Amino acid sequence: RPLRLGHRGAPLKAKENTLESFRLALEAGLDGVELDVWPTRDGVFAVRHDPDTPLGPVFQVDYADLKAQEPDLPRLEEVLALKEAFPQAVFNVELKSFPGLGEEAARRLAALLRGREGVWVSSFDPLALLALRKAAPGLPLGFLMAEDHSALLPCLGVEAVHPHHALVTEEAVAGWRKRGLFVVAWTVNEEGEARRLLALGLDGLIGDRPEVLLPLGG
């Protein structure tokens, strides 16, 4: 059935991108979660949406320092470790990096996720995706799109396309299906829109409300 994914966990039940949020999303019965990561100065993947912190941009601060300042800030490995409690859960890691520093971060993430199962990486940065695919041939990837940049799909090594829900139309989906892509829309928080998207045959939905996603599928 279509994947029901918790955006940054269950952001309305607990603070977004925190271990509690991810746990609550999985305890709610969702198929998995999406989590945002940025590389720290010392190469740790901090789980948070915004790149700017009280101590400066994430890439210029060591993880331990960000953690002292923000005690509930998880590192990637801690979130993926939840697969121990939920063996069937999947994790969509969105690699966020300043395009220009994306290739280096991508190579680092590739090494960290080597051979790991139940995880796929998505990114809005085509350059990071190319670097990821070269560094880890077996790691599933998804191309995030805020505007319709489908023209790049033929040149990207990705198994999925993650379009903003407003880009999802019958014709757009036909194009993605034509390439055998797995389609995951975001960020879907309304029943009406969720049903519209599923009626189009999408493979997954990322949303902030578990209740809305749970009944979808079978």
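Note that residue numbering begins at 1 and tracks the sequence as displayed.
As the entry records it, the average C-alpha temperature factor is higher for 174-182, out of 174-182 and 59-67. Across the two stretches, 194-202 and 20-28, the PDB entry reports the greater mean Cα temperature factor for 194-202.
Within the group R133, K83, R75, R108, the record's highest C-alpha temperature factor is found at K83. Annotation for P137: C-alpha temperature factor in the highest third relative to the rest of the modelled chain, per the entry.
Ranked by Cα temperature factor within the chain, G115 sits in the highest third according to the deposited record. Annotation for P163: CA B-factor lies in the lowest third of the chain's modelled residues. Residue-level temperature factors show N189 in the middle third of its chain, judged at the C-alpha atom. When the modelled residues of the chain are ordered by C-alpha B-factor, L5 sits in the lowest third.
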